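**Q** Handing you a structure now.
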Amino acid sequence: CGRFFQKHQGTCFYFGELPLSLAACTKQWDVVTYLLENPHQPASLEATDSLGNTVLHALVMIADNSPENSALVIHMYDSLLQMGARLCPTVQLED
Amino acid sequence: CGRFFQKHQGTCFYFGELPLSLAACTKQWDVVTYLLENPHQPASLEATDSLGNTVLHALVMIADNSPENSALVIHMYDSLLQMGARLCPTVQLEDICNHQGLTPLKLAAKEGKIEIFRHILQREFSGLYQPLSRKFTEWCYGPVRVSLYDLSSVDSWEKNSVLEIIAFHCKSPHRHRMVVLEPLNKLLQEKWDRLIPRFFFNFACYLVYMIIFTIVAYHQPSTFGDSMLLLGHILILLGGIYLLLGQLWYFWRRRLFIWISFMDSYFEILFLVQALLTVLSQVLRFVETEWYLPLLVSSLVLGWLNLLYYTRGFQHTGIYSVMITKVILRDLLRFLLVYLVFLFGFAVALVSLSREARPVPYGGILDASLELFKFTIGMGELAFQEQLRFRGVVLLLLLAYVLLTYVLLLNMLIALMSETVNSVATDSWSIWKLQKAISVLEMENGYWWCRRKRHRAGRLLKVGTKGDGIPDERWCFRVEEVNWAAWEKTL
Amino acid sequence: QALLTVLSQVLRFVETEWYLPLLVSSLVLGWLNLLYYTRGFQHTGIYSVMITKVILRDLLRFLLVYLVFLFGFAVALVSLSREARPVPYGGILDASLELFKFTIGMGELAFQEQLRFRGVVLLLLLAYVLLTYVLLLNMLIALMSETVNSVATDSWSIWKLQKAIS
Ligand SMILES: CC(C)CCC[C@@H](C)[C@H]1CC[C@H]2[C@@H]3CC=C4C[C@@H](O)CC[C@]4(C)[C@H]3CC[C@]12C
Ligand SMILES: CC(C)CCC[C@@H](C)[C@H]1CC[C@H]2[C@@H]3CC=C4C[C@@H](O)CC[C@]4(C)[C@H]3CC[C@]12C
């Protein structure tokens, strides 16, 4: 959490202030995957931030109406939803 | 140097009157290369000609707005720049002046050539040949990317900048297209944003002056009140003198704009005329001449149109004001020409007719013209005059005028205005942006009595190290952007 | 409308003379709300949306320019024509009313013979007519044509959102 990381008017880029959120927003499916199957300590896919946003909220926040950004956020959203289904099929992330 | 080789109107082809310039302009990279590595005598790449142009100036001169020519001149320009870097890395070719005083970048601005101008203004190369670049991409943390544009010889802080050349020196008709490109667009916008208070302060001062003028003109006859009237009159005299001095100073500073610029400014003449009329009326009052009042009311009329001048400070109203003048110029004058040709003949026919019976309507030419104009203003008296001897002929002439000037011409004028408004949508935006640029450039300088201090734009960002020493400093303008396609391409 | 109606009704109890203007203002404003209720059909709903979009996009610039033209010419006409060789253009309101009669199609354009500056007055009137009536009104028609052409598809979605809100 910092001035550059919060959403304001100026020099900033909000990504969810989470390593998993950053990896998802930066278009790397391999890094997102690897954080999840760590034997040491897996990254919880339902963790939140100061604003309370999750990995799925952050993707919505960084979304634009441009074609490429929309395609990227759609694909990442679907992939993360499937990954949440295979990891944790009890809790549903959409609600 | 010869008649065929100089730039004139007729049979000519200017190429720089140099073998190296000819080879560069004739699309042969091998010949250009070979002239440079001759053991006998290499061809100096910084040599000039009678006009003083170099190899880079000549490429700018022969440039056109066609795609193929623009691509050729761009590629040759970049190749020659790299070749100059490898041969002579001490001297830089871009800042070589001319006999006129211009650089290759300033020639592109003054000659109205836009493709090479936009390419030179924003260029970036790969890892090799960094120093000879204008746009530099700084940190790329995620999809947000920050660009740094070189502000050298393009910032209005210097004496003869690119913006001043475009606004007051370019001969091209469509010279506004150059002020709506990236760097200039952003820089001009922030300059205008910094200049809102002074612009609206000038507007308020002019509004107060016009209110005082209106009050003085209204409360004037054919003590305290007399003292206030005299104070108002002398204040108007000084205000008119001030406006006249300002207009004269503006005309003297840019002696040669009056041919290039009429579509965009066209208010300096109006301000000059208003000031002259006001001063002339005020001085003529001292003689107690009867022609005071017409001159005073003419100045009163012309003042509020300059108030409309001050109104072009917003996007909607500015484009509307541009469109008004463009509609006036493109199609109002043809309609007036045809209208008066119709009016004069019909009025003369009506006057010559209806002089014998069986006051008097159509007594003279002025009365007939007034009646026929009442027809177009919607107040035409169309009656069957019974006392006339040629009643049917008069009625037929009136009907023929009505169905041929009122039904046809006015509605056709409406249609032509519709077409004109449809056709010039995108042009008015650029014209208004150029108008804002001119206003900003004028406000950057002070008034004719006080000069503002030049506020430099951009920050002093280090852009690395050159091959001559450790420091390499240049003033750059920063712009942020959030681009997702470009970011995803670079991985 | 509700505030004006309630204020007029309560002001009647005081027997104040400003009852009737407030009551007639409420009466005027009621039928425009009746037009509110009219946006229940596709054609009329999109028409109502287009009316407001034409008003917002281009009616205000025209009024601004129109009043700037009107005020200066009216003041010039009032300051002029105060000496001879009732009286037309007696004050600012009368001059404004005459110049507006010009745009409503009832402009009295005559060569006043009793004035001392007949030619100047006639030239000013002609310059107002050919610059406000011929130019500005027809240009306004053209701008409305362009606006109606440009916003065809947007009004449908705006009306659908209006239905959703209702
Ligand atoms: C009685 C006389 C002095 C008033 C008539 C004005 C005369 C000078 C004519 C000549 C050229 C005309 C101007 C040229 C075009 C414009 C730009 C437009 O955006 C506002 C109206 C305005 C400014 C016109 C107003 C009328 C005009 C000024
Ligand atoms: C004498 C006075 C009270 C009557 C004039 C009405 C006043 C309030 C003005 C101000 C804003 C205007 C309204 C704004 C826009 C619309 C929507 C349009 O689809 C119907 C007309 C209508 C409703 C206008 C009617 C006139 C209006 C209501």
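Reconstructed Cβ throughout: ideal geometry from the backbone, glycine too, with neighbour counts over all protein chains shown. Each reported figure results from applying straightforward, stated rules to the coordinates on display, with no laboratory input.
**Q** Which of the following residues is closer than 30 Å to C:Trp156 by Cβ, within 13 Å of ligand 2 (Cβ to nearest atom) and surrounded by 12 or more Cβ atoms within 10 Å (Cβ to Cβ): C:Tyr37, C:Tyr47?
**A** Details: C:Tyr37 fails: surrounded by 12 or more Cβ atoms within 10 Å (Cβ to Cβ).
Going through C:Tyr37, C:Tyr47 in turn, just one is closer than 30 Å to C:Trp156 by Cβ, within 13 Å of ligand 2 (Cβ to nearest atom) and surrounded by 12 or more Cβ atoms within 10 Å (Cβ to Cβ): C:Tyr47.
**Q** Determine whether segment B:279-286 contains at least one residue that is closer than 19 Å to C:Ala127 by Cβ, away from chain C (no Cβ under 14 Å) and among the hydrophobic types (A, V, I, L, M, F, W, C).
**A** No; the residues of segment B:279-286 include none that is closer than 19 Å to C:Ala127 by Cβ, away from chain C (no Cβ under 14 Å) and among the hydrophobic types (A, V, I, L, M, F, W, C).
**Q** Looking at C:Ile158, is it part of a helix (DSSP H, G or I), under 26 Å from C:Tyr36 (Cβ atoms) and not aromatic (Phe, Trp, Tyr)?
**A** yes
**Q** Here is a further query. Could you check how many residues of segment A:43-95 are within 14 Å of chain B (Cβ to nearest Cβ) and either within 14 Å of the chain's Cα centre (by Cα) or part of a helix (DSSP H, G or I) (or both)?
**A** 15
**Q** A further question on this structure: C:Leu56 is checked against (1) closer than 30 Å to B:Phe314 by Cα; (2) surrounded by 15 or more Cβ atoms within 10 Å (Cβ to Cβ); (3) away from ligand 1 (no atom under 16 Å from the Cβ) and fails just one. What number does that condition carry?
**A** So C:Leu56 meets the others, but not (2).
**Q** Related question: Is at least one residue of segment C:57-66 farther than 30 Å from C:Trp159 by Cβ and either within 16 Å of ligand 2 (Cβ to nearest atom) or of a type outside the set (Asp, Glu) (or both)?
**A** The answer is yes, given that some residue of segment C:57-66 is farther than 30 Å from C:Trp159 by Cβ and either within 16 Å of ligand 2 (Cβ to nearest atom) or of a type outside the set (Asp, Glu) (or both).
**Q** Could you go through segment C:11-18 and let me know if any residue there is more than 14 Å from chain B (Cβ to nearest Cβ) and either within 16 Å of ligand 1 (Cβ to nearest atom) or surrounded by 15 or more Cβ atoms within 10 Å (Cβ to Cβ) (or both).
**A** Checked segment C:11-18: at least one residue is more than 14 Å from chain B (Cβ to nearest Cβ) and either within 16 Å of ligand 1 (Cβ to nearest atom) or surrounded by 15 or more Cβ atoms within 10 Å (Cβ to Cβ) (or both).
**Q** Condition first: of a type in the set (A, V, I, L, M, F, W, C) and over 27 Å from B:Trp304 (Cβ atoms). Can you find one or more residues in segment B:226-244 that meet it?
**A** Checking segment B:226-244: not a single residue is of a type in the set (A, V, I, L, M, F, W, C) and over 27 Å from B:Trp304 (Cβ atoms).
**Q** Same structure, new question: What is the one condition in (1) of a type outside the set (S, T, N, Q); (2) closer than 29 Å to B:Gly232 by Cα; (3) more than 16 Å from ligand 1 (Cβ to nearest atom) that B:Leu307 does not satisfy?
**A** So B:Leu307 meets the others, but not (3).
**Q** On to the next question. Inspect segment B:289-303 for any residue being buried (at least 18 other Cβ atoms within 10 Å of the Cβ), of a type in the set (S, T, N, Q) and either away from every other protein chain (no Cβ under 14 Å) or within 16 Å of ligand 2 (Cβ to nearest atom) (or both) and give the result as yes or no.
**A** For segment B:289-303, residues buried (at least 18 other Cβ atoms within 10 Å of the Cβ), of a type in the set (S, T, N, Q) and either away from every other protein chain (no Cβ under 14 Å) or within 16 Å of ligand 2 (Cβ to nearest atom) (or both): absent.
**Q** For segment B:313-328, which positions are under 11 Å from B:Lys433 (Cα atoms) and at the interface with chain C (Cβ under 7 Å from one of its Cβ atoms)?
**A** Of everything in segment B:313-328, nothing turns out to be under 11 Å from B:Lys433 (Cα atoms) and at the interface with chain C (Cβ under 7 Å from one of its Cβ atoms).
**Q** How many residues, within segment B:244-276, are within 16 Å of ligand 1 (Cβ to nearest atom), surrounded by 14 or more Cβ atoms within 10 Å (Cβ to Cβ) and of a type outside the set (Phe, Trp, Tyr)?
**A** 12
Let's see how each residue does on (1) closer than 28 Å to C:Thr132 by Cβ; (2) exposed (fewer than 15 other Cβ atoms within 10 Å of the Cβ); (3) more than 13 Å from chain C (Cβ to nearest Cβ):
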position: B:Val360; (1), (2), (3): no, yes, yes
position: B:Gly363; (1), (2), (3): no, yes, no
position: B:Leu366; (1), (2), (3): yes, yes, no
position: B:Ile377; (1), (2), (3): yes, no, no
position: B:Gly380; (1), (2), (3): yes, no, no
position: B:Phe384; (1), (2), (3): no, yes, yes
position: B:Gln387; (1), (2), (3): no, yes, yes
position: B:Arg391; (1), (2), (3): no, yes, yes
position: B:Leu396; (1), (2), (3): no, yes, yes
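**Q** Out of curiosity, is B:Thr11 outside any loop (DSSP other than H, G, I, E, B) and among the hydroxyl-bearing types (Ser, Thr, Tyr)?
**A** So B:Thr11 fails the test.
**Q** Step by step: first the residues of segment C:125-160, then only those that are within 11 Å of ligand 1 (Cβ to nearest atom) and within 7 Å of chain B (Cβ to nearest Cβ), then the one that is surrounded by the fewest Cβ atoms within 10 Å (Cβ to Cβ). Which residue is that?
**A** The selected residue is C:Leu135.
Table: residues versus (1) within 14 Å of chain C (Cβ to nearest Cβ); (2) under 30 Å from C:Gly72 (Cβ atoms); (3) in contact with a strand residue (DSSP E or B) (Cβ under 6 Å, 6 or more places away or on another chain); (4) not in a loop (DSSP other than H, G, I, E, B).
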{"site": "B:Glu164", "(1), (2), (3), (4)": "no, no, no, yes"}
{"site": "B:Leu184", "(1), (2), (3), (4)": "no, no, no, yes"}
{"site": "B:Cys205", "(1), (2), (3), (4)": "no, yes, no, yes"}
{"site": "B:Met210", "(1), (2), (3), (4)": "yes, yes, no, yes"}
{"site": "B:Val216", "(1), (2), (3), (4)": "yes, yes, no, yes"}
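**Q** For segment B:409-464, name all the residues that are more than 14 Å from chain C (Cβ to nearest Cβ), assigned to a loop (DSSP other than H, G, I, E, B) and aliphatic (A, V, I, L, M).
**A** The answer is B:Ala457, B:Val463.
**Q** Just to be sure I understand the filter: pairs with C-beta atoms under 6 Å, separated by 6 or more residues or on different chains, first member in segment B:322-335 and over 15 Å from C:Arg61 (Cα atoms) and within 9 Å of ligand 1 (Cβ to nearest atom), second member in a helix (DSSP H, G or I) and of a type outside the set (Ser, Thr, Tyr). Which pairs pass?
**A** Nothing qualifies.
**Q** What's the total number of residues in segment B:214-229 that are more than 16 Å from B:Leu293 (Cα to Cα) and either surrounded by 11 or more Cβ atoms within 10 Å (Cβ to Cβ) or in contact with a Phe, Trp or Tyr (Cβ under 8 Å, 6 or more places away or on another chain) (or both)?
**A** 1
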